[PDB]
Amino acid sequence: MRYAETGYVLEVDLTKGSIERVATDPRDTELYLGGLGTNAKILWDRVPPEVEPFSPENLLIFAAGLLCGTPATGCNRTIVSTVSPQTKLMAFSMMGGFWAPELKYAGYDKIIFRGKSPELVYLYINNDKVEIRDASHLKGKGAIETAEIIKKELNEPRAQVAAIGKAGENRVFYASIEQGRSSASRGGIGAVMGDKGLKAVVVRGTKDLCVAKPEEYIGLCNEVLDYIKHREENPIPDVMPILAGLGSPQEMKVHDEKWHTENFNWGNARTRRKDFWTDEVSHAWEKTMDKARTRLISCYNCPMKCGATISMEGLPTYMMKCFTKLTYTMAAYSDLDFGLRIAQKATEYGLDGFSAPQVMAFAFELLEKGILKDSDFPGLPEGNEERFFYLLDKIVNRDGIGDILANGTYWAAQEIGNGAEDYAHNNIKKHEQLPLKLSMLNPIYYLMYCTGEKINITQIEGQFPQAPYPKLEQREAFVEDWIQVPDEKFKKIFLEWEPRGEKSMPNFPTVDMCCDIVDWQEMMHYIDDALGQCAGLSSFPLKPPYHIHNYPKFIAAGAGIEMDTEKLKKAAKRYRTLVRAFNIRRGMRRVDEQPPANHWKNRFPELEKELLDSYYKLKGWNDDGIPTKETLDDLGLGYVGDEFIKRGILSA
């Protein structure tokens, strides 16, 4: 029998209105683990490159991670996968909360949506009872609001609901999918969901979820918990609070917003304010936050409570985590109050909190320079904040200029012309990045920005420290108990790393070192995104309770398959290179793998080229960024190579 996973998925054709449960192949589990991996396997041989993002042939997949529904702390992530309407590449997006485990309790590992429903509908799941309900009465409603209405209707207060807002219905290229305190944010998967006419997915599950080796698994869980306790009693020394503990960036818990408001770039990732964090600003923000933060809350089976309920006066309560707290503020040169207020609207609408404020700031820059006229903004108010609310509504409705901006900064700039492309200066592969423009080049982050398939810097970094310690004793004390490292060398590297001197950046660490680091970090992220484990307890923070040493034990005792460290490494490499191959098949080359021109003030071309080359070589790819026939054969991906040669992507 199958363990940890359920062994079944749901095939849903929205056009024909057909629902079918299909058993999965355990070999696929042994090869690609699950979640993101098996998602990629599905997309590979069911979505050819001729398929458009808004075509019925495109697939929208909701995947519940392998170990979701097991006693494993924090393992609760949902992985949504499709073809992004913005990047035209593969889009996978992670959402936390309670949905994925609910799906596992319903007895399913994935839901695969194809075709398009002509009428707005939603999917109701309750164990073995699955049906498509009409949702025409929910048109335009917010995501959370929709969830509540549906739960009232179906009389299922304990049902988990993933929904889109109005922006999802109007196919905004950065429309999200919302569920409680959790969001599938980037990529534009919300746009795909809306395009298929799917308003929401409602799941209620009450079946059991078995594991292979009980006592061993729960022992591993207990070990994780104990390590969490110890890790909370001992944060990373001499490091700013938000980079010292476990979980997602604790932006909701009180900290020093000095480093944030003086390193992040305000406006359209433009202005840097070196002395913004005055006492007045600090007290005002602290006051607003104390008034607005109702409670710190957690995802399923986790004690970190990274999330928070936000209640602004005169507004419905919503939930928030991480940097969504800052972006809307920073992009508008406003205060925390404004940010919190507009984030409510944006969250109900279903918008990526990264791209949307950058888009609005971009538009206002275009108005400033003269590329866009006042005529392009019918009834534009005088006040700044008011202008942002106005533009927000214009975008989610695709009204006038909003219709263009809804396509993202890239496709907007290409349609507006007159030098609008110059102002879309924060994109990579047509995807907006963190409003962060550093000074001195960072090799590791160069590689990560360039190659990361998520096209988001925060969802690939983690296991290796962002900065070195000034003194050596600190480094020694830190590497002392650093048990998460795959090889001992990673300690030595961090021992040699210095802030200044000949052992500093960008010349140190060496190219090969940086390649190793990026490989490791990315690997941990891919493992997390396959197992359904929250990055907050693994790939993202320093010294996590989940690492490359105990993970194989978890997969073994949980799923009941053979697994060791090397097999796991090779698996991660396998479906990572598979995602890579998928992106290659849709036209991506080395050309597209470049950071924004102004991303750094200090660039070093001969170092960058060597970095990229060495990394390609380490991944087992071409000089053009394409996986070689050999490495594909080795990773059991022969069919991929055969197709590559057959399509003329590789020479025979």
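Counting begins at 1, following the sequence as shown.
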query	finding
Higher-scoring stretch by recorded Cα B factor average, 398-406 or 266-274	266-274
Mean C-alpha temperature factor, higher of 454-462 and 537-545	537-545
Peak C-alpha temperature factor (PDB record), options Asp422, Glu119, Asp512, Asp195	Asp512
Residue selected from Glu473, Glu102, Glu251, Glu156 by maximal Cα B factor	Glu473
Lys258 CA temperature factor, ranked by third within the chain	highest
Third of the chain, ranked by Cα B-factor, where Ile61 sits	lowest
For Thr565, the third of its chain into which the C-alpha B factor falls	highest
Ranked C-alpha temperature factor of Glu386 among modelled chain residues, by third	middle
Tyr526 - Cα temperature factor, lowest/middle/highest third of chain	middle
